[PDB]
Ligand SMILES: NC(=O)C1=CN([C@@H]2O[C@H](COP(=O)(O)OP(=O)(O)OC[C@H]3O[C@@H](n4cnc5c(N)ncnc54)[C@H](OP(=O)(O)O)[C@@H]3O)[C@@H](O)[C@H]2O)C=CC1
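Listed next as structure tokens is one chain, alone, in the form deposited without the ligand.
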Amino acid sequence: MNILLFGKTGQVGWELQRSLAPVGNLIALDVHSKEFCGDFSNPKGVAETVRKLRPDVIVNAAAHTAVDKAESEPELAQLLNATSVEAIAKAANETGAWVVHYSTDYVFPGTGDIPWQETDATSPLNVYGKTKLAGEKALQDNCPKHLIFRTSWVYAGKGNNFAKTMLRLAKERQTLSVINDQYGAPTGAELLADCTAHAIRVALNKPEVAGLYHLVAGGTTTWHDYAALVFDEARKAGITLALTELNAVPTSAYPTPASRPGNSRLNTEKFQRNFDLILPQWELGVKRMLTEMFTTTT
């Protein structure tokens, strides 16, 4: 089988370059692909690239992911999260290709306690969540062979992440201010990429599994408890932290243009039973990525 991956240098993309490699012949693109077009600002471009290669499977890990930035540029966000997705869907549905696509919990509003299911209604609180919804509906309406994985709080050890940004603060600052009222499960690019690889191989043999899935590491936490785990782990690894007091705070006190939900929790029972896969507790992934970060030599 031939597989076409867009967004190869993103967090999830970099891990997909790895996970998809034994699944089939991988062509990995991004915006700077010279010999092929991987720029989602050119929907007809990405559409065309899809016709030029005829993949059995298209994995889209490209997206406009700057939530706040999206509010100011909802046209550019629409083009990346919706238009190009529709374009690639229509083109995919020509050869009967599968399309794997990543989406978000920002598709939902906010109601603490309750984890959202795929059978829940959607009302996006911000542009990013809105344009992503438009993309999944566009995929849903143009291509029956689809897998939509809604995820949240994504991190990877390659490049910038919450842990890193927070660790930079804990090295240089004395006291820190971090939210304790937004709830979710940090989900590793490792987990996303590997689940994707298994899900593809199920799908090719059981097309009935097509549809919408919630896909996140198990458990639930807040940015504050997430950060306390990062600091705890960094202390156990011999990283000294200027930080001596960790303070919890409400969301509102500090500006974010785009409304971020307080309840990002997702129920993932659907994914678990249809692919026969396990979704490990969120900490495992984060601890592993922290160990990799702290065990660098040269």
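Superpose the two forms; the largest set of C-alphas matching within 1.5 Å is the rigid core. Residues that one form lacks are left out of the comparison. Heads up: residue numbers just count along the shown sequence, starting at 1.
Below: the form deposited with the ligand bound, not depicted.
Of the candidate stretches 268-276, 235-243, 51-59, 30-38, only 30-38 contains residues with a heavy atom within 4.5 Å of the ligand in the deposited bound form. Three-residue candidate spot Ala63, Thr104 and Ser152; every residue lies within 4.5 angstroms of the ligand in the deposited bound form by at least one non-hydrogen atom. Residue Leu80 is the only one of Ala217, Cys143, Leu147, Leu80 with a heavy atom lying within 4.5 Å of the ligand in the deposited bound form.
Although the partner is absent from this view, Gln11 contacts the ligand in the deposited bound form, with a non-hydrogen atom inside 4.5 angstroms.
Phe108 falls outside the set of residues with a heavy atom inside 4.5 Å of the ligand in the deposited bound form.
Taking only residues common to both forms and fitting on the rigid core, the CA shifts of 2 Å or more between the shown form and the other one cluster into a single run of 3 or more residues at 159-161.
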